[PDB]
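Don't worry about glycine lacking a Cβ; one is built from the backbone with ideal geometry, like all the others, and counts go over all protein chains shown. Any read-out appearing in this document is the output of simple, stated calculations on the displayed coordinates, not a laboratory observation.
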Number of protein chains: 2
Amino acid sequence: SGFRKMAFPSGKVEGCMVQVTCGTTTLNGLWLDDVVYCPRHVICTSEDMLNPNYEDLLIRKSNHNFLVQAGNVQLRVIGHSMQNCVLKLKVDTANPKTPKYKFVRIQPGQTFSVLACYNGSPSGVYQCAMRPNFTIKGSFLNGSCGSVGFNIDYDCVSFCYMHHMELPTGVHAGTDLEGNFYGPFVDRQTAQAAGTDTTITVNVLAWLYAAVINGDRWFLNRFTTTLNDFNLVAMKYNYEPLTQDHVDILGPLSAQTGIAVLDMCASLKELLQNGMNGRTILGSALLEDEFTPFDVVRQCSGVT
Amino acid sequence: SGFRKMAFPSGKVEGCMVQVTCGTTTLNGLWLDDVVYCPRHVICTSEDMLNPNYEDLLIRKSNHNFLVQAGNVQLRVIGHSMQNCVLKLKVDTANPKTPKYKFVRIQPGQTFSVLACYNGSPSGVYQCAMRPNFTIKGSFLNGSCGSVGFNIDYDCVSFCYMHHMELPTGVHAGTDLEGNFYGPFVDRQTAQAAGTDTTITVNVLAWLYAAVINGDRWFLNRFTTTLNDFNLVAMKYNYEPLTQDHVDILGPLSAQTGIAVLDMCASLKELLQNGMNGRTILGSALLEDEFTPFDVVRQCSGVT
Ligand SMILES: *CC(=O)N1CCN(C(c2ccccc2)c2ccccc2)CC1
Ligand SMILES: *CC(=O)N1CCN(C(c2ccccc2)c2ccccc2)CC1
């Protein structure tokens with residue numbers, strides 16, 4: 001037992017990290033098969049980022065201008081193309097460590113692991129969630145761009161995020177691996193504000209189920225509620241509305257604990273209305289929303 | 001910017017995980033060079049754990065009784081020995097993926113990453129701290145024993161923990177890689193209670209410095225304090241006493257932020273005495289103590 005914010009083992013992704021340099025700009029790239037993926041702003045100078053015309057800036061770059069280094073060895077770039085906000089650098093060598101992989105575009109509320117990198121070298125791994133406002137709250141310093149977010153299903157790595165930007169508020173924005181930004185963000189040094197960062201209700205409920213499985217039960221009450229009644233309270237507290245699809249997804253946790261989904265909703269409602277009163281749940285003094293129902297099942301069952 | 005509970009990239013450790021089976025007991029082993037390290041309770045049945053005499057139980061085991069499997073391939077065991085609470089299984093093949101490594105015995109308050117494994121396969125990675133009562137609050141199910149805790153200094157993995165037990169309270173106990181338990185715990189199915197889980201004061205201060213670096217400054221006050229005055233409050237709140245050695249270790253963070261250590265202590269004192277008043281620091285509603293001063297520096301600088 002015990003319940004932790006857990007990331008996927010990062011080995012499969014560490015074997016894909018490379019350094020990409022274009023002029024004086026250096027960031028991370030993801031090497032899969034014979035293609036290196038990286039943010040297209042690798043071609044920009046600081047002056048370019050105020051209002052970059054990427055198609056125009058890219059005309060001045062040739063294959064030999066993209067310096068790709070995997071560990072201590074240089075890769076030969078034999079092609080380059082821009083797909084949305086990512087550059088795809090075709091190299092002459094397939095990455096021998098390429099895992100089975102997929103590119104997926106996640107939904108708000110979904111979680112993933114990030115392998116934060118600098119100069120193509122991994123520094124750490126942490127668990128994130130795509131916020132309902134399409135930002136992520138990461139830990140990214142200058143040079144971390146090109147670090148990726150991913151999930152793993154046994155031996156298949158599903159890449160879902162590539163880091164591109166930090167908003168003036170310190171929150172993060174990036175793209176899927178086809179180069180499309182999550183949310184309305186653009187790769188330009190222009191002040192872009194995030195929308196409301198609402199709480200992922202279905203994740204909070206999943207985490208309350210993880211708490212009951214792991215021994216923290218003080219918050220369980222004698223009440224029940226309905227979806228409509230719960231949602232009036234969810235709206236008041238800037239929580240995402242709960243749907244029947246979310247109830248369905250929580251079914252396995254409901255079954256395992258014997259606590260009906262709407263009863264857990266009534267516990268959540270009282271926690272929202274009364275607070276924690278100085279108490280903690282799974283060592284947290286706030287309601288955690290960055291564990292999905294699948295994450296709780298995975299951790300509580302021991303999937304490898 | 002942004003500050004996250006971050007684990008070390010786990011690739012170097014994933015390459016060392018193996019499965020060890022003895023009779024009907026299966027757990028994880030750590031394969032480094034030609035030795036596989038695992039908890040000695042792999043030799044026990046459930047009946048043995050009530051009061052095991054390990055030297056006696058081990059006499060009945062031969063090299064061929066320890067089944068060691070690295071991925072899908074079996075390793076040949078050519079020797080076995082017990083060192084404290086770990087078994088060392090000499091195998092005929094050096095692990096080709098053995099990283100540069102060391103075995104270290106950490107101090108309470110120190111943090112490390114855990115690669116939780118089942119059947120020699122990695123399931124996830126999270127960050128822990130050795131509590132002042134010599135327990136860790138992990139996420140370990142049956143079969144996770146033998147999973148290890150570690151730190152990494154560029155290319156050197158320092159192994160510090162091997163998981164052995166879960167106390168009846170749901171907290172965890174284990175050994176260093178020489179098989180010595182942290183704290184007074186023994187590998188036996190006997191109720192053993194943990195001492196006071198005090199808060200690691202120097203880590204809380206480091207995390208408050210990380211908060212000021214990352215923009216969360218509301219808690220900074222107009223006060224200062226002394227070590228002795230601070231420690232009267234630390235004692236009242238079950239915080240570890242702060243020493244001059246801890247002040248010295250926080251020097252770089254003090255220098256970077258321009259906030260004297262004792263001034264940060266006065267902010268901590270007011271937070272202890274008044275609470276957070278519904279506010280958060282780095283997204284937490286409680287004072288986080290599982291980041292060391294070195295962790296804050298590492299994360300805030302981008303060490304790979
Ligand atoms: C994540 C990372 O490595 N950085 C943050 C984004 N920086 C961009 C940039 C590109 C080229 C020259 C200067 C700065 C950037 C700036 C503004 C908006 C989007 C991206 C690079 C460092
Ligand atoms: C961590 C893990 O895999 N487990 C928890 C400890 N279990 C021990 C054990 C050994 C052999 C047969 C049954 C149980 C154990 C029990 C009691 C005290 C210490 C260790 C194995 C599963």
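Determine, for B:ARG188, A:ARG40, the number of other Cβ atoms within 10 Å of each Cβ, and report the residues in order from fewest to most.
Taking fewest neighbouring Cβ atoms as first place, the list is B:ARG188, A:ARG40.
Do any of A:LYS137/A:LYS269; B:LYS236/B:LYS269; B:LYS5/B:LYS100 go past 18 Å between their Cα atoms, and which?
In this structure, A:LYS137/A:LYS269; B:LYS5/B:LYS100 exceed 18 Å between Cα atoms.
Quick check: pseudo-label points 7 Å beyond the Cα along Cα→Cβ at B:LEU232 and B:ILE78, how many nm apart are they?
With each label point 7 Å from Cα toward Cβ, the separation is 6.7 nm.
What value, in deg cm²/dmol to 500, does the helix sum -39500 (n - 2.57) over DSSP H runs of n ≥ 4 give at 222 nm once divided by the residues of chain B?
Mean residue ellipticity at 222 nm (helix-derived): -6500 deg cm²/dmol.
Provide the per-residue ³J(HN,Hα) series for the range B:269-274, in order, calculated from phi with Karplus coefficients 6.51, -1.76, 1.60 and θ = phi - 60°, each as a whole number of Hz, with x at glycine and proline positions.
Working through the residues one at a time gives 4, 5, 5, 5, 6, 10 Hz.
Per residue of B:9-18, what is the mean number of Cβ atoms on other protein chains within 10 angstrom of that residue's Cβ?
Whole-number average of other-chain Cβ neighbours for B:9-18 is 5.
Restricting to Cα pairs below 8 Å that are 6+ residues apart, what does the relative contact order work out to for chain A? Please round to a whole percent.
17 percent.
Determine the shielding of peptide A:115-125 by partner chains: average, over its residues, the number of Cβ atoms on other chains within 10 angstrom of each Cβ.
Mean shielding count: 6.
Could you compute the FRET efficiency for A:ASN180 and A:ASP33, with r as their C-beta to C-beta distance and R0 at 30 Å, rounded to 0.05?
Once rounded, the FRET efficiency stands at 0.90.
In terms of the Cα gyration tensor, with a ≥ b ≥ c the square roots of its eigenvalues, is the protein assembly as shown rounded because a/c is under 1.5, prolate because a/b exceeds b/c, or oblate?
It is rounded, given that a/c, with a ≥ b ≥ c, falls under 1.5.
Tell me the relative contact order for the range B:162-237 as a rounded percent, counting alpha carbon contacts under 8 Å between residues six or more apart.
Once divided by the residue count of the range B:162-237, the mean separation gives 17 percent.
Quickly rank A:114-121, A:90-97 as a protection proxy: mean count of other C-beta atoms within 10 Å, highest first.
Ranking the peptides A:114-121, A:90-97 by packing returns A:114-121, A:90-97.
With a 10 Å radius around each residue's Cβ, average the other Cβ atoms per peptide and rank A:263-274, B:202-213, A:128-139, highest first.
The densest-packed peptide leads the list: B:202-213, A:128-139, A:263-274.
Please turn the phi angles of the range A:228-240 into ³J(HN,Hα) values with the Karplus equation 6.51 cos²θ - 1.76 cosθ + 1.60 (θ = phi - 60°), one per residue in order, whole Hz, x for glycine and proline.
Karplus-based 3J(HN,Hα) across the range A:228-240 equals 4, 5, 4, 4, 5, 6, 4, 4, 4, 9, 6, 9, 5 Hz.
Using 0.36 nm times the number of residues separating A:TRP218 and A:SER1, minus their current alpha carbon distance, what extension gain do you get?
76.4 nm
Partner chain Cβ atoms within 10 Å, averaged over the residues of A:284-290 - can you pull that number for me?
3
Any chance you could run the full-extension gain for B:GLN69 through B:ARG188? It's 0.36 nm times the residue separation minus the Cα-Cα distance, nm to one decimal.
So the extension gain works out to 40.2 nm.
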